[PDB]
Amino acid sequence: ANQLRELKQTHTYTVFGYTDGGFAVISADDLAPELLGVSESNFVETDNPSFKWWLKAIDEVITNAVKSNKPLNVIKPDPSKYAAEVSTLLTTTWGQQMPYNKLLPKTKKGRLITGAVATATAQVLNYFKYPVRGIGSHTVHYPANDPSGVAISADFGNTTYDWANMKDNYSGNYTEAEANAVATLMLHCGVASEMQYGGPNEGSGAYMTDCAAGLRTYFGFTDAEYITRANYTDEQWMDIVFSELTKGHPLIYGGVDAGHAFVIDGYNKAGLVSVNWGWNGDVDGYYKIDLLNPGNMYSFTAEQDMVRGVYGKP
């Protein structure tokens, strides 16, 4: 008999643990749907920056709904148009520190970290096991604002990505070849995205427009493209999500603090999306995004971009 145990509470949401294991994020307002998110993973406090963004965005939309006395929308996938549901596609639980960042410069304040955009992109590329090799080469610098800083380079065109050595989970045991396989991919995804690298307490930040450009140029994803939510109604945006996942295409999603980014890799019948936050599996689960309508250019909800068009070729 599953019961709920309060773990954490704000004025807009409460995190409740489940006695069978897992947790839910719950609202309490006539203008919001009650269940906001749900995970099979037990809740533990985590630095997960992208989950932190999502909580701030939820708080913002709920408070704005209440102020404007407008119910939050609930958008469900139409099974006459899309798959009824798409269960979580990714098997990886990757993150931004060791061994993912093994190939990045060390600093007296800790080794540079991969960046959420790189971790999300690497997990999507690994899902497809594509490309076989990249194209060309590129260098960024640390600090990013110094053209003559420490060079961080990727030779994509001479790299055969070692897909067979990409482990799902690096939180316990792994070999050096498995560490190098994923670290190479992480470094290349960052350099391709024009990453602005930083140590553990600063983070590493990239723009989705640069992620999409680098995916075209250095990885050969001809169709890769960045789009931003402010250009779409909620219904139009969720139809893109449902259509892409129905086709088996996980989505790099995020926005810009070194930003937030994650992978949407499924959805359920009630329209919650499966999210891989790229924080070692911490709090991965199903979460609402339909109700995150973009606000002014300065709101948390305005920070929602996606890169679509990433998949193998016929």
# chains A, B, ... in the order shown; residues from 1 in each chain; ligands from 1
call {"tool": "residues_around", "arguments": {"residues": "residue 176 of chain A", "least_positions_apart": "3", "cutoff": "10 Å", "atoms": "only C-alpha atoms", "output": "ChimeraX atom specification"}}
result
/A:99,165,179-181
call {"tool": "residues_around", "arguments": {"residues": "segment 113-118 of chain A", "least_positions_apart": "3", "cutoff": "7 Å", "atoms": "only C-alpha atoms", "output": "ChimeraX atom specification"}}
result
/A:96-97,100-101,121-122,186-187,189-190,197-200,203-206,260-262,278
call {"tool": "residues_around", "arguments": {"residues": "residue 6 of chain A", "least_positions_apart": "6", "cutoff": "8 Å", "atoms": "only C-alpha atoms", "output": "mmCIF file with N, CA and C atoms, in the first residue's frame"}}
result
data_model
loop_
_atom_site.group_PDB
_atom_site.id
_atom_site.type_symbol
_atom_site.label_atom_id
_atom_site.label_comp_id
_atom_site.auth_asym_id
_atom_site.auth_seq_id
_atom_site.Cartn_x
_atom_site.Cartn_y
_atom_site.Cartn_z
ATOM 1 N N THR A 14 5.356 20.298 -3.338
ATOM 2 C CA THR A 14 5.829 19.457 -2.245
ATOM 3 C C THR A 14 6.409 18.213 -2.905
ATOM 4 N N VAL A 15 7.585 17.798 -2.437
ATOM 5 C CA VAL A 15 8.186 16.547 -2.888
ATOM 6 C C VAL A 15 7.758 15.498 -1.864
ATOM 7 N N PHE A 16 7.101 14.445 -2.336
ATOM 8 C CA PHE A 16 6.676 13.386 -1.436
ATOM 9 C C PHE A 16 7.375 12.091 -1.817
ATOM 10 N N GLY A 17 7.930 11.384 -0.837
ATOM 11 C CA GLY A 17 8.435 10.055 -1.099
ATOM 12 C C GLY A 17 7.309 9.045 -1.085
#
call {"tool": "residues_around", "arguments": {"residues": "segment 247-249 of chain A", "least_positions_apart": "2", "cutoff": "8 Å", "atoms": "only C-alpha atoms", "output": "list in words"}}
result
residues 89, 243, 244, 245, 251, 265, 310 and 311 of chain A
call {"tool": "select_by_dssp", "arguments": {"residues": "segment 4-113 of chain A", "states": "helix (DSSP H, G or I)", "output": "VMD selection string"}}
result
chain A and resid 49 to 68
call {"tool": "residues_around", "arguments": {"residues": "segment 61-63 of chain A", "least_positions_apart": "3", "cutoff": "12 Å", "atoms": "only C-alpha atoms", "output": "ChimeraX atom specification"}}
result
/A:10-13,26-34,36,54-58,66-73,288-296,299-302
call {"tool": "residues_around", "arguments": {"residues": "residue 139 of chain A", "least_positions_apart": "3", "cutoff": "10 Å", "atoms": "only C-alpha atoms", "output": "list in words"}}
result
residues 150, 151, 152, 153, 154, 155, 188, 191, 192, 194 and 195 of chain A
call {"tool": "residues_around", "arguments": {"residues": "residue 218 of chain A", "least_positions_apart": "2", "cutoff": "8 Å", "atoms": "only C-alpha atoms", "output": "list in words"}}
result
residues 134, 135, 136, 137, 156, 157, 192, 214, 215, 216 and 220 of chain A
call {"tool": "closest_residue", "arguments": {"among": "A:228, A:201, A:93, A:9", "to": "residue 171 of chain A", "atoms": "only C-alpha atoms"}}
result
A:93
call {"tool": "atom_distance", "arguments": {"atom1": "atom CA of residue 167 of chain A", "atom2": "atom CA of residue 38 of chain A"}}
result
25.6 Å
call {"tool": "closest_residue", "arguments": {"among": "A:264, A:307, A:234, A:143", "to": "residue 210 of chain A", "atoms": "only C-alpha atoms"}}
result
A:307
